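The block underneath contains the structure these notes are about, expressed in structure tokens.
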Amino acid sequence: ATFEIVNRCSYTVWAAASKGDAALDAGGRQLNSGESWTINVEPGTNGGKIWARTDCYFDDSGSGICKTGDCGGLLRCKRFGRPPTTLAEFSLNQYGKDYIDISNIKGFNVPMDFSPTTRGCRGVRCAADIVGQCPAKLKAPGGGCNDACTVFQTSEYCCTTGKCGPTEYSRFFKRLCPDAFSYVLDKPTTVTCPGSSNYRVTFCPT
């Protein structure tokens with residue numbers, strides 16, 4: 001499946017793509033403002049994620065640091081990124097269908113649209129100014145808006161036993177972005193697409 005990753009932000013981002021125990025395609029790349037990078041994701045990839053990283057520095061070996069979404073200091077991510085990270089999430093070719101969503105469960109750094117480029121389903125978007133509106137206790141000094149689990153490490157925010165409810169913090173994310181997961185047991189906003197759809201992830205779509 002192809003994913004065209006487009007940076008419409010006025011700032012550089014370092015795109016990342018991983019399924020948590022491996023890179024997807026090269027795993028990451030710099031995208032200056034306006035640039036597009038197309039990756040190929042294998043059929044059957046379960047639990048894939050794409051995200052933006054901000055404020056990165058990499059040496060000539062692809063080792064370094066990012067202020068949001070750092071994946072073990074690698075340009076080419078094999079692992080998931082350090083919160084806060086807005087997440088484009090997907091599982092493809094699942095009993096013949098693909099499933100896509102956006103999640104704020106690991107916080108928010110960059111606005112994004114995640115849409116099919118092929119027929120048969122809608123896209124999802126989280127493009128409100130979550131960083132600007134972020135509650136004081138969730139603001140990340142390194143940049144972005146943390147989720148409450150990251151900040152407070154409670155069973156209720158982290159949904160550790162699978163019984164949690166919505167919270168004042170999750171409701172903030174849900175108010176700003178109704179179309180994204182705000183906590184682990186949120187009413188799902190997952191879209192079912194035809195198996196083997198192709199996609200575009202756009203940072204700063206508005």
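Along the chain as shown, residues are numbered 1 onward.
Just so it is clear, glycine is given a Cβ too, placed from its N, Cα and C backbone atoms.
When Swiss-Prot is consulted, the disulfide partner of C158, picked from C145, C149, turns out to be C149. Per Swiss-Prot, the residue from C66, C71, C177, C193 that shares a disulphide bond with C126 is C177. Record source Swiss-Prot places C66 in a disulfide bond whose other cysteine, from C56, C71, is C56. Among the disulfide-bonded residues listed here, namely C9, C121, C158, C9 has its C-alpha nearest to that of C77 (disulfide bond). Just so you know, of the disulfide-bonded residues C126, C158, the Cβ with the fewest other Cβ atoms around it within 10 Å is the one at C158.
Each of the disulfide-bonded residues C9, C66, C121 was scored by the number of other CB atoms within 10 A of its CB, and the lowest score belongs to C121. Here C126 (disulfide bond) is compared against the disulfide-bonded residues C9, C149, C159, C204, and the shortest C-alpha distance is to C204.
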